[PDB]
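**Student:** Sharing a structure here in structure tokens format.
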There are 4 protein chains.
Amino acid sequence: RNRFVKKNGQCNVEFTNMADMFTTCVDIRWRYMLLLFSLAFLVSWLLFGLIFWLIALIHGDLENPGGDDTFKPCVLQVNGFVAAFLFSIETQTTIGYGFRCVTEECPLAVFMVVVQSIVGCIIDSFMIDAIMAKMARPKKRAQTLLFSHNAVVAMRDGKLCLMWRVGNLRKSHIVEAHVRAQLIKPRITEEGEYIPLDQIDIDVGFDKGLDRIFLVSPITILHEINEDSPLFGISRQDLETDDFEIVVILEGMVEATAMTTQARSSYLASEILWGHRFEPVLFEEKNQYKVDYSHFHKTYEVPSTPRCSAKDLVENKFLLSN
Amino acid sequence: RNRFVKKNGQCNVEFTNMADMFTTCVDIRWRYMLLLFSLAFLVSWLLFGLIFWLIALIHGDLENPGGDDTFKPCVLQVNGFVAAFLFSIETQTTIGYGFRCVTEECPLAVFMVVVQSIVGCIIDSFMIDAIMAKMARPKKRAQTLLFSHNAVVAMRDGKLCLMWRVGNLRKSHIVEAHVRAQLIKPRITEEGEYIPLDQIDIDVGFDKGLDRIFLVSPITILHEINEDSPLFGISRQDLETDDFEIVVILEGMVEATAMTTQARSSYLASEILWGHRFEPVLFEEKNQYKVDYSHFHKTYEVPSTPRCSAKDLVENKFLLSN
Amino acid sequence: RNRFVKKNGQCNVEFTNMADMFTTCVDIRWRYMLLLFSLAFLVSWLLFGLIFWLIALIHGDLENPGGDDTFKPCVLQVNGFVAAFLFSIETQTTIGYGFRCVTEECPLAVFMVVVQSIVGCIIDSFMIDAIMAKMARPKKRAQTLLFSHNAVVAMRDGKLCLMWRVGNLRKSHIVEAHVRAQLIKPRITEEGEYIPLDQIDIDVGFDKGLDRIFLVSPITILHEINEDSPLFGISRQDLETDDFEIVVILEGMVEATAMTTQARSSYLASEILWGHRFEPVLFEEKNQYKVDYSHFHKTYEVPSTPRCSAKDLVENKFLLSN
Amino acid sequence: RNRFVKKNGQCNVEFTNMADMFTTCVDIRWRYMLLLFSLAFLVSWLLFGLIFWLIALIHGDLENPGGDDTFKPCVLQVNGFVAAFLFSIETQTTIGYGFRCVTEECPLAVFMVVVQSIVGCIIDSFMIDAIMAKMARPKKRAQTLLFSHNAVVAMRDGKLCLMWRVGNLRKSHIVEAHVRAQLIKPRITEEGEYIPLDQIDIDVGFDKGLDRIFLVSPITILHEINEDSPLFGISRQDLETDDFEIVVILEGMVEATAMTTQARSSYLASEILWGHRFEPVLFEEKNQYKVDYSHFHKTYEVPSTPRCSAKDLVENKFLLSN
Ligand SMILES: [K+]
Ligand SMILES: [K+]
Ligand SMILES: [K+]
Ligand SMILES: [K+]
Ligand SMILES: [K+]
């Protein structure tokens, strides 16, 4: 069976045979947004520069763009469309070098400077706001949360437990962090219904609230494999044959970014290590604890790990008493 | 009985016989906001343009707007109110073509350029901020979350279950997604109290946390109809007669928009299909799983579905043993 | 005993014998912020206008502010401090009428235009950002959520229940809404410890998740008074004598404002009505349900309501069987 | 054993042997950001000022920068690189004194004013947005939430309870506040696995939802030490010998800042006071309750507090009955 979720967290699914303006600004690439706005300015500057040029022609300002004791142009020094364009830039950008300067003569020209300024003012606001939308809502978010490459199975305090490690790469904390885990596989119900990919919970302590982690130094996430586990009947010899996936999730409000995140990784049946345990990454030093993230993913063998399933172990203790 | 909630999610209720400035900017329509600001500019530009015109009259600048070796206007080239208005625009917009230029002579005129600039500066800030308020808080949000048209009833693993499908239209994930469901109907209590529309929970697994979904490919939301269900006594023959509504809800933090959402749909008793199951939309391909959203809403008959209620089925197994 | 919480939601507590720059901008009043910034501009404009004036003196520009074939001022037309000030405004506001125009002569003056522009640019950014801080984080939030004036006690489906109504004033929904309730009173422990105001939970269905409301039309919030209630032994005759408070809370993410809210109200023992029920505000109309918020707070007598406590009622049924 | 968490809340851990642009702007210090932008302006202003200077040379504007009846410079009064630089500032800042004014002659110069304006416009937006990023996401957040210096152990209503006080310093409320507590210590499993710092929950009422606090006046956080506690076997005589840490956490959405917070403090075994209770900080006044935060941290002896562990107390009542 192919993967649903990849190690990085990416979901491996394609939609087929299937928008708000705000959200689309956050989607469109940077260079396409910066293009898109540059277009919005020209579209305005030309439009207006043209309006100002039309006005400059009808009033006869192209023949006498300076004016004199009698004649007075609507806008001074608009001798052609280039100057009409330059004025329109200078008015909306509000550079306004002033060589081309609007005069009192033409009420339309006055109205048109007014309109352009508001238009120009509205355009800028949208651009500023469009950008912090894109900055504050980045589709590339660095992977502050690290997952181990492998989950493992081992004995903790007399119970068989699937385990995987989660670790924070930034010193910035994660507020209200809580883990989940799911077994992903296709199954057919007792009434012969095919479920393409049935998602089945792997309990990590939601009922007592132990799924709530305080992640400072990398924590190992336990899952007791017992009656109510879906790995209950699965032994090490089954693990090689069996073909399932285990999605591990860590949701949390990350104070670095100030927005909630959903960390993701996957462990296929063939990525899980029976009879293994992780290398301690937290070490005592007189002054200060230190995490060494080089040993993060590393494990070691535990030969004294039962090769049979959790059920088998349960079934043995009942029979030895008889 | 008329509907409370529509298929789109809209609530069908009217308030009768019943504000912050920030929230009202998010309500007022765009064209009314853009009008509203355009007004705010004129109100200022005229106001100031008038103040500058009054000053230009009293100081005698309308008779000699250029000045000479002796006489020096407060602001140059303010020959009328048009030029006084143009100066006020040019000062607050900060275009400042400079033909109309404030001079050193009048301390009031100097103060008035100062005031206007700050006023103009404050106005712009409010406009920029008013707009990203409106962008970041849109009252039209695209329906990223899709609900099936029909819920259905069928047998899963030996239990009678009401089911409805939920699906994500964007590839963007939904963080901390969790489902609810409610049966909406008027009822009268045993002490003769009329409840216009009593909202009654339809359990989808809140107690063990199975109401938490990891929605990548469209999930079917189960509700086991058992002792504690309100559909417990309801059989297929009752379904045609009975008149109730079932609101289905999916709340979740949508990372596309970065704000929490409440997806809504409704299933009236006459919209629920007894003896049906949904068409698989997830299909195996060697490279990559694919969801086909054309089969999203579609179902098929299951004649082997018990036409009696969940209670009836329970009552049968007790009697066959005797 | 005096009140902890008022009807509006305000908390009645004073701190005695007890900051970030961002949060303090959200606290300081508007007129003090707008003052504060106006000061920030003058402080800069004067400062710079002075620097430019000093430069204009040392270079000898006050005697020949125009210049000629030989002499060329650092900045033209800075004949006094007024013009030096006007230039500094015109440079930082970037009006720049241009009558006072920086020239090539003085590298210091050139540096000083550069510095001022960046300073001016940084100042504006802070002002824009300071304002949307204040807009987006308003300390006055309209009371979209309405609480009834009175809680009541009555029989629902064979159990004695304290009840209070909550209602949404805007059509805008409240996402992930959930209720709480607390009994507030001073008490002394069995080991003689005085607790000034012991906060004690009044259960409204947190354990099964019924505390989660879908508030469209005003809901009545039930509290079953049973063994585990603190109103268990309290009868109607005790209610007049007893002196306690009941804080009712509704937290929820309000999509109108897009920020979480904590609605608050209080019911003192003397504000609770034994033997009463609320007036139906939802009415059936052929087209569309309608809530009438004029009957929101109103109740009616129920004489058939047991005047004894919930415990008494429990104690009666045990004794009638014997 | 050294500390994991300090009294202030700081975590005492170092990462060794181990980014998005948005988040890095929130990290970089202010003076380095303000430097960084000042650089961004010069880099542009020089770049463009150079481009304009190159153009001014090739067209021959340095020999005749004014122009005449025949010759007309691309940009007027660009006599050197200083004026070419001044023009580039005046164009991008949009001061545009206008002495140096772009003319119609050179289409390249016209294009270059256009490019610069958009570039300048894009730069400003990024700066404004970069700043409110830094303001809205401060790494220094004032400690609105106060923790007691010491936890204590004492008897409440017939049970041995570890207790610590939490208090709100601002009058601004904390929405959806909920407490946690953890015992931090290294331990070795029954299968000989060393856990550097095993985090173990100290129950404060998550299962019934009593971990949800409504913090107005400073609350004391109880932890019943019973069978399921990790302080169950620990007596006062053990407390001096034992070496463990107790991290206390309060997460909550703080309406002052409008962002979720994670308050932290620690109590080492040697910081906990057996046989003590806190000083009442809430006092009755006719008008208004008052909290006095001077008595916040203070306690008093309770000699009638059992010096033995909670288990011992349990073991005594079983034996006295026999
Ligand atoms: K300008
Ligand atoms: K200008
Ligand atoms: K100008
Ligand atoms: K000029
Ligand atoms: K100018």
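Please read every residue number as a count from 1 along the shown chain.
Recorded method is X-ray crystallography, 3.6 Å.
Just so you know, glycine gets a Cβ as well, placed from its N, Cα and C.
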**Student:** Where Swiss-Prot annotates a disulfide for B:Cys106, which of B:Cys74, B:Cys121, B:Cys161 is the other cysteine?
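**Tutor:** Checking Swiss-Prot: disulfide partner of B:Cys106 resolves to B:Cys74.
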**Student:** Which one of B:10-15, B:76-81, B:94-99, B:250-255 shows up in Swiss-Prot as motif 'Selectivity filter'?
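**Tutor:** Motif 'Selectivity filter', as annotated by Swiss-Prot, spans B:94-99.
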**Student:** Cβ under 6 Å from an atom of ligand 5: which of these recorded positions qualify? The list is B:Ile95, B:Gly96, B:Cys106.
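**Tutor:** From B:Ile95, B:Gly96, B:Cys106, counting a Cβ under 6 Å from ligand 5 as near, the near ones are B:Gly96.
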**Student:** What's the straight-line C-alpha distance in angstrom from B:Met18 to B:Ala19, 8 residues unmodelled between?
**Tutor:** 13
**Student:** By the count of other Cβ atoms within 10 Å, pick out the sparsest of the recorded positions B:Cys74, B:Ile95, B:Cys106.
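**Tutor:** Result for the recorded positions B:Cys74, B:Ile95, B:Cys106: minimum number of other Cβ atoms within 10 Å at B:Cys106.
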**Student:** Select, from B:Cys74, B:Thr94, B:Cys106, each of the recorded positions with a Cβ positioned under 6 A from at least one atom of ligand 3; if none does, say none.
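**Tutor:** Among the recorded positions listed, not one has its Cβ under 6 Å from ligand 3.
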**Student:** By a Cβ-Cβ criterion of under 8 Å, what residues six or more beyond either terminus of the topological domain 'Extracellular' (B:98-106) are in contact with it?
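**Tutor:** Residues 55, 59, 67, 72-78, 83, 86-87, 90-91, 113 contact the topological domain 'Extracellular' (B:98-106) from elsewhere in the chain.
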**Student:** Below 8 Å between Cβ atoms and chain A: which of B:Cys74, B:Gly96, B:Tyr97, B:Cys106 make it? I'm asking about the recorded positions.
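**Tutor:** Near chain A - Cβ to Cβ under 8 Å - we find B:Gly96, B:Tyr97.
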**Student:** Once near-sequence residues are set aside, which residues in the chain of B:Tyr97 (K(+) 4 binding site), 6 or more away, have Cβ atoms under 8 Å from its Cβ?
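**Tutor:** Result: B:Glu90.
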**Student:** For the C-alpha pair, I'd like the distance in angstrom between B:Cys106 (disulfide bond) and B:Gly96 (K(+) 3 binding site), rounded off.
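**Tutor:** So the Cα of B:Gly96 (K(+) 3 binding site) lies 18 Å away from that of B:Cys106 (disulfide bond).
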**Student:** Whole-number Å distance between the CA of B:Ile95 (K(+) 2 binding site) and the CA of B:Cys74 (disulfide bond)?
**Tutor:** 19
**Student:** Only counting partners 6 or more residues apart, tell me which same-chain residues put their Cβ under 8 Å from the Cβ of B:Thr94 (K(+) 2 binding site).
**Tutor:** B:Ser117, B:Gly120
**Student:** Using DSSP, how many residues in the topological domain 'Extracellular' (B:55-80) fall into helix, strand and coil?
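**Tutor:** Taking the topological domain 'Extracellular' (B:55-80) as a whole: 4 helix, 1 strand, 21 coil.
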**Student:** Please report the Cα separation of B:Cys74 (disulfide bond) and B:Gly96 (K(+) 3 binding site) in Å, rounded to an integer.
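**Tutor:** Rounded to a whole number, the Cα-Cα distance is 15 Å.
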